[PDB]
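In the block that follows, a single chain appears as structure tokens, in the form solved without the named molecule.
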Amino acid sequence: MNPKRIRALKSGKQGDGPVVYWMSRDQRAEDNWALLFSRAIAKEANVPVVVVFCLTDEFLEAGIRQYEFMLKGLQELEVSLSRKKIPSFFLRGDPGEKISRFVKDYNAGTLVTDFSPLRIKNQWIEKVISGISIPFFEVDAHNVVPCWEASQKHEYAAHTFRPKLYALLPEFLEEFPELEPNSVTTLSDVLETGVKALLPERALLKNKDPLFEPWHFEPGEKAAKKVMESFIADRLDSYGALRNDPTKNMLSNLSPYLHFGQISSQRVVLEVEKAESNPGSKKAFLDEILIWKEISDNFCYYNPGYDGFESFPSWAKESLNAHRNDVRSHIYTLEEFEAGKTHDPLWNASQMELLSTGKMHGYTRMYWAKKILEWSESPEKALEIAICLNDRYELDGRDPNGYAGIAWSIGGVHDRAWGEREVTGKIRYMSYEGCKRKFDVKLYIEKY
């Protein structure tokens, strides 16, 4: 149990009651670091361990596709904690007052939470810190190597981040010890009154039919593992060659589970490394889930304006500035972008998959975002529209990987300089003709 995963947020007088785990990002009972040290603090100090979840008031900022996915997984989570004699308490409201009152009411001893580099998580931390006197600990339960330990600076490329991370797997890539149960110590209602609030804003087709199709991804910790096992057994070997083909379902399809923390990324890395497949296919998968996933946490942790034009590289910021008011071929508003009413059928098909399935293919996720920069009056508007569409309709949205992906597509973050072109500038360019030579585009639009 490496202590480098644990960092101190506020020092105080150790309390008396149960050690409270404030779960935010890693919604799982197994392979969850944050629970293990919470039990370790509960084992080496002889106190009960409890888990507290906050149903915040920003859920209406998204759709019912994310709300119902998260609550269904929470339903499975709390029955797994009951089997370990670990009670789970769910609060409705802003964590700044909910967490502080819970600690005082239950006389909690030490408060522990998992790590998330998002601005919203930080906002909740400051309010909680000012309202509590018990020790406050935080742990990186989402990354194989701690975000502050992989690097203490913003990495400008995957070229420089890869050797740094790859030098610390032997230190941190280790197996998970079993969850020790406590010695001795409704979700359906909140879901019902919840969806009744997001119902009038549900995405719909013309006549009356909701566009979302919820049978593609079953939520829950148990369902996440089955997706992982199916990916290793059936899609690992062909991943390297079929990574960039949207017409084939050769991806791991684990992003909604990883974003909600229903499955640990370290468990995925452990199973894939022990699995035997094509070496190029394996190295391609490990790069995506280790290098590119954890560099997004670094990007958001060391760039406060990660969702702004200020976080772009200097070469890119100058390049788009020289091409700021170049006469755009098309200019589409947010609603035209949202409903999929552009002149590009390939982009329209990408939005259709986003609207219907809630998870758009990774290769088209790069064409989709970069094309917004083409048909936006300014790069700031383009960054804006991409974030709004991503965080609203993506099951894996509102994630550090999302903002790093948008920054990569629009601002060239973690990329390099390419051929200068109008409007887009020096940013990497993806053309519709270029996609025709890479995969069968006609099949993509036909399906969506």
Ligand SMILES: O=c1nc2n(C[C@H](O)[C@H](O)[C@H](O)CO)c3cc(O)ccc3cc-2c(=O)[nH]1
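Residue numbers run from 1 along the displayed sequence. What we label the rigid core is the largest C-alpha set whose atoms superpose within 1.5 Å from one form to the other. Residues that one form lacks are left out of the comparison.
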| item | value |
| --- | --- |
| Across other compared entries, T160 missing in at least a third | no |
| Flanks modelled, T185 absent in at least a third of other entries | yes |
| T186 preceded by how many uncoordinated deposited residues after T185 | 10 or more |
| Mean temperature factor over C-alpha atoms, higher-scoring stretch between 50-58 and 395-403 | 50-58 |
| Stretch with the higher entry mean CA B-factor, where the candidates are 84-92 and 301-309 | 84-92 |
| Identity of residue with top Cα B-factor, from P210, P117, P219, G261 | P210 |
| Deposited CA B-factor, highest of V128, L354, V269, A141 | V128 |
| Third of the chain's Cα B-factor distribution that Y67 belongs to, per the entry | middle |
| Ranked C-alpha temperature factor of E420 among modelled chain residues, by third | highest |
| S296, C-alpha B-factor rank within chain (lowest, middle or highest third) | lowest |
| Modelled-residue ranking by C-alpha temperature factor, third containing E30 | middle |
| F337 by Cα B-factor - lowest, middle or highest third of the modelled chain | middle |
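Another form exists, deposited with the named molecule bound; not displayed. Remarks below refer to it.
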property: Contact label in the bound PDB entry: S264 to the named molecule, heavy atom within 4.5 Å; result: no
property: 4.5 angstroms heavy atom contact with the named molecule in the bound PDB entry for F59; result: yes
property: 4.5 Å heavy atom contact, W347 and the named molecule in the bound PDB entry; result: no
property: Contact test in the bound PDB entry: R39 vs the named molecule, heavy atoms, 4.5 Å; result: no
property: The single option of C54, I385, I64, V423 touching the named molecule in the bound PDB entry, heavy atom within 4.5 Å; result: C54
property: Interface stretch in the bound PDB entry with the named molecule - options 42-50, 397-405, 376-384, 415-423, non-hydrogen atom within 4.5 Å; result: 397-405
property: Listed options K283, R83, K153, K208; Cα moving by 2 angstroms or more between the shown form and the other one (core superposition); result: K208
property: Residue shift check between the shown form and the other one, rigid core fit, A233 Cα at least 2 Å; result: no
property: Flag for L199, CA shift 2 Å or larger between the shown form and the other one after aligning core; result: yes
property: Shift of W418 between the shown form and the other one at or above 2 Å (CA, core fit); result: no
property: Closer or farther: C-alpha pair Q75/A197 in the bound PDB entry, relative to this form, given a change of 3 Å or more; result: closer
property: Residue pair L205, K341 - Cα distance in the bound PDB entry, closer or farther (3 Å or more); result: farther
property: Structural rearrangement between the shown form and the other one, runs of 3 or more with C-alpha shift of 2 angstroms or more, core superposed; result: 59-61, 186-209
